[PDB]
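Q: Before I ask anything, here's the sequence and the deposited coordinates:
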Amino acid sequence: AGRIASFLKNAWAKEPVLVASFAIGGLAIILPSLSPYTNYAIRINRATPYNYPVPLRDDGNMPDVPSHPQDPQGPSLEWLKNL
Amino acid sequence: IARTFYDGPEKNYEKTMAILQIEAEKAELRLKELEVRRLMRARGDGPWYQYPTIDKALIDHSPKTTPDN
Ligand SMILES: CCCCCCCCCCCCCCCCC[C@@H](O)O[C@H](CO[C@H](O)CCCCCCCCCCCCCCC)COP(=O)(O)OCC[N+](C)(C)C
Ligand SMILES: CCCCCCCC/C=C\CCCCCCCC(=O)O[C@H](COC(=O)CCCCCCC/C=C/CCCCCCCC)COP(=O)(O)OCCN
């Protein structure tokens, strides 16, 4: 951890472009894993209705399936309105 | 000489009888195998000469975004 500081100083003094590019690339590689917002992006992508939601035939054993779009059951996008 | 070096004729007799039986069964089995191979290559309903088809587990049975299909 002592020679690497001298190497970094020499690289910054001689070739700053490579240092900046490597720093940016490493930052972009590492940070998305630690970011808690990636799951929000995935959920937003999953919540986009490109195609029609085909209704399900009622067999009398669907308590979690809404009978109307305004019924309280089903997925809710309230978390998106606050984001 | 006969007592020391050789055996009785019945020994050779029964030995060659057993050999003949074995060879006859082998010949019959070879002919039957040829016939079975011919039939199962012609028809294809046997275990051998089975050529792969497309697995039906790859099909997706879900709504396809269009009503007809
Ligand atoms: C009596 C005097 C006057 C007459 C002389 C007659 C001369 C006859 C002697 C010459 C022998 C001819 C050689 C033929 C050898 C046959 C080999 C084989 O067939 O024998 C096998 C066994 O071999 C025999 O034991 C004889 C082997 C001896 C080999 C002969 C070599 C002698 C030559 C002398 C060499 C001298 C060397 C000197 C060094 C300095 C039998 O197999 P096995 O399945 O088990 O037995 C079946 C019968 N049973 C089941 C009833 C027992
Ligand atoms: C696994 C991570 C990958 C993702 C990040 C990288 C993304 C893309 C960026 C890299 C692009 C390709 C870089 C190619 C490297 C070539 C190096 C080379 O051989 O060039 C040397 C010159 O380069 C050097 O000096 C040797 C290497 C210098 C340092 C290289 C990077 C070391 C690490 C820097 C960043 C460290 C981490 C960031 C810390 C930031 C500070 C807190 C030759 O010099 P010339 O210009 O050809 O001729 C000169 C004479 N006329």
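A: That came through, no problem. Numbers count the residues shown, from 1 in each chain, chains lettered A, B, ... in the order given. Ligands and ions are numbered 1, 2, ... in the order given.
Q: which residue ranges form the helices in the chain?
A: Unless you meant another one, I'm taking chain A. Secondary structure of chain A by DSSP state H: the helices cover A:3-14, A:16-34, A:38-46, A:78-81.
Q: right idea, wrong chain: chain B
A: Along chain B, counting by DSSP H, helices occupy B:2-5, B:9-43.
Q: Closest to the centroid, which residue in chain A?
A: residue A:38 (2.0 Å; Cα atoms, centre = their mean).
Q: on that earlier part again, so which of the helices of chain B comes closest to ligand 2?
A: Nearest to ligand 2 among the helices of chain B is helix B:9-43; the distance by Cβ to the nearest ligand atom comes to 56.4 Å. Every residue, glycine included, has its C-beta placed from N, CA and C.
Q: one step back: save the helices of chain A as JSON lines, and put in distance to residue B:59 too.
A: Shown next, in JSON lines, are the helices of chain A (distance: least, Cβ to Cβ, whole Å):
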{"stretch": "helix A:3-14", "distance to residue B:59": "56"}
{"stretch": "helix A:16-34", "distance to residue B:59": "35"}
{"stretch": "helix A:38-46", "distance to residue B:59": "24"}
{"stretch": "helix A:78-81", "distance to residue B:59": "34"}
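Q: Nearest to chain B, out of those?
A: helix A:38-46 (15.9 Å; Cβ to the nearest Cβ).
Q: And residue A:8, how far from residue A:31?
A: Per Cβ to Cβ, to the nearest Å, residue A:8 is found 20 Å from residue A:31.
Q: Kindly reformat the helices of chain A as JSON lines containing distance to ligand 2.
A: Output for the helices of chain A, formatted as JSON lines (distance: least, Cβ to the nearest ligand atom, whole Å):
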{"stretch": "helix A:3-14", "distance to ligand 2": "4"}
{"stretch": "helix A:16-34", "distance to ligand 2": "2"}
{"stretch": "helix A:38-46", "distance to ligand 2": "19"}
{"stretch": "helix A:78-81", "distance to ligand 2": "33"}
